[PDB]
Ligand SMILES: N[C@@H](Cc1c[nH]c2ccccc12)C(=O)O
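Only one chain is given next, in structure tokens, and it is the form deposited without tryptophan.
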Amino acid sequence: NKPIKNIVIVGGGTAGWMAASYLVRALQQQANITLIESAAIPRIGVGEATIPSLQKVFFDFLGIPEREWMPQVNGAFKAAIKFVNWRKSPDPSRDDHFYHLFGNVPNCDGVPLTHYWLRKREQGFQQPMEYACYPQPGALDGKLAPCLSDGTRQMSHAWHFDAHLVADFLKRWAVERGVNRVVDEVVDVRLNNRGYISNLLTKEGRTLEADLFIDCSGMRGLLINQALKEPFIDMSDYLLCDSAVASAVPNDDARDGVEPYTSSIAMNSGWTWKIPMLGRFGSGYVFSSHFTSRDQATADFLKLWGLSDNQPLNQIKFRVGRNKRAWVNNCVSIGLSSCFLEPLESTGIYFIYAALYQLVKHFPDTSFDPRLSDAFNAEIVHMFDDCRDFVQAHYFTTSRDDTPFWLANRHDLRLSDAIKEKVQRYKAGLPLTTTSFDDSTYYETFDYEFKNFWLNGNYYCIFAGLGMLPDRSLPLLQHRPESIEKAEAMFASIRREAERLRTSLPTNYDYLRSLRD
């Protein structure tokens, strides 16, 4: 069969430019790549939070080290997500926060430390799970950097940045490597009688042809949904939010520091993200229009940050769910054209580069063997539905009951068999998937991470944070007092590490400034 040679990508947002750059890098020879993007149709860049695989899977593949790309996108460091007021109805006299940390929890004699922590908790131990089982959360409370001043990594981290600047950085990178950029708008899509895309007609009268089309057109799914009519599986029965109101809010970094984490602050009818950078934070109240009006959500969002009625707001809507198939005929959807999940666990850009990684791992010829696209499609379904369920488990596990929105989350969601089953195992006291690898090894082994994305520690941070604990500790531990003692030595190491970090890390603000103000 003849190789795919000509590739057209529709869209110049984060997806389009990630696709152009991943493909120009992967397809060393016999690749002619053209990206078309409209000047009149905006790109989504709200100020975005990410996960460590962005470097290991994406930028490493491009041969771009963190020190090269991060400054160019005015990036800031992210070590966790901090959930605020998710556990109980807000009470201003109570501190309700918990962290979902990067990295994984060690094991002691084949049992994760989370499980030893629960046994201690049964015996009266008061310290929250994540402060017992991870070295860094108090450092995050202190707004400390994830590295020593000399750049020595001290905890797993990812990034906050304006995604517009990342798209810009990759545009520059990809065009320099021979990607053809066309600023123009696709107005019609012509399919042959077999339903493959034949060509694109543009506003300026160009006709684009290709062996392979990548739909990066955003939520409209110009090629995959509009032209090819692939059904979108609306998952609003699983997750209720469908809206956001967002802005950036000036931060006095010198007085207030720069939080080294994303926050998720639970509201009456959704939750607000906070994504710190230098000089400002991005923020958006993600809400369900069925439980609050945009006007009310807007008022709440303003009141939260003490913002004025003159502050310009980005009014957003979305549909949660995914295409029935991501790749149909000669068109692969990547990004918001493929699927959408609310940003509760920073998976949006992940879905872009994970999809790109799988596209190359299933890369077609011009015969478009349906076995390759079937395999790709099943990976995407697994990836998305797994994240959907993990995000949903934040909602149905809360015990907030103060608004109709929280009550509906507790009672009225449709839950997959897969999540029900994971919760059953957790509640029984069983570990969920654990890794034996160091954090470095886990984040360097993407076929492993892709399939084992959410581990025991990820679920524990969420369930324990929300005050939903297993029925009991593992019966096995009653038979292994020496293992319980060994675990105590591990908790002691972790506490030592936390105290060393306290007095060794620069503030996040100082470290960011030293990289370049």
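Counting begins at 1, following the sequence as shown.
Heads up, the form solved in complex with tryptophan isn't pictured, but that's what we're talking about next.
### Task
Three or more ligand atoms within 2.4 Å of backbone or C-beta counts as blocked, none as open; so place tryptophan from its pose in the deposited bound form by superposing the site C-alphas and call it.
Open, since after superposition no atom of the placed ligand lies within 2.4 Å of the backbone or C-beta atoms.
#### Entry: Non-hydrogen atom contact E379 with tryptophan in the deposited bound form at 4.5 angstroms
No - in the deposited bound form, heavy atoms of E379 and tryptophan never come within 4.5 Å of each other.
### Query
At the 4.5 Å heavy atom threshold, is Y459 in contact with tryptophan in the deposited bound form?
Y459: no contact with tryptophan in the deposited bound form.
### Query
Going by a heavy atom distance of 4.5 Å, is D389 a contact of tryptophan in the deposited bound form?
Output for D389 is no: heavy atoms all beyond 4.5 Å of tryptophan.
### Query
Do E345 and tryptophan come within 4.5 Å of each other in the deposited bound form, heavy atoms counted?
Yes - in the deposited bound form, heavy atoms of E345 and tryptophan come within 4.5 Å of each other.
### Query
Quick one: of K422, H100, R87, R325, which gets a non-hydrogen atom within 4.5 angstroms of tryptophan in the deposited bound form?
Selected residue: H100.
#### Entry: Proximity to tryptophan in the deposited bound form, single hit among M70, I64, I33, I51 (heavy atom within 4.5 Å)
Exactly one residue meets the criterion: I51.
### Task
Would you mind picking out the stretch of 22-30, 465-473, 485-493, 447-455 that comes within 4.5 angstroms of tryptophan in the deposited bound form, counting non-hydrogen atoms?
Heavy-atom contact with the partner occurs in 447-455.
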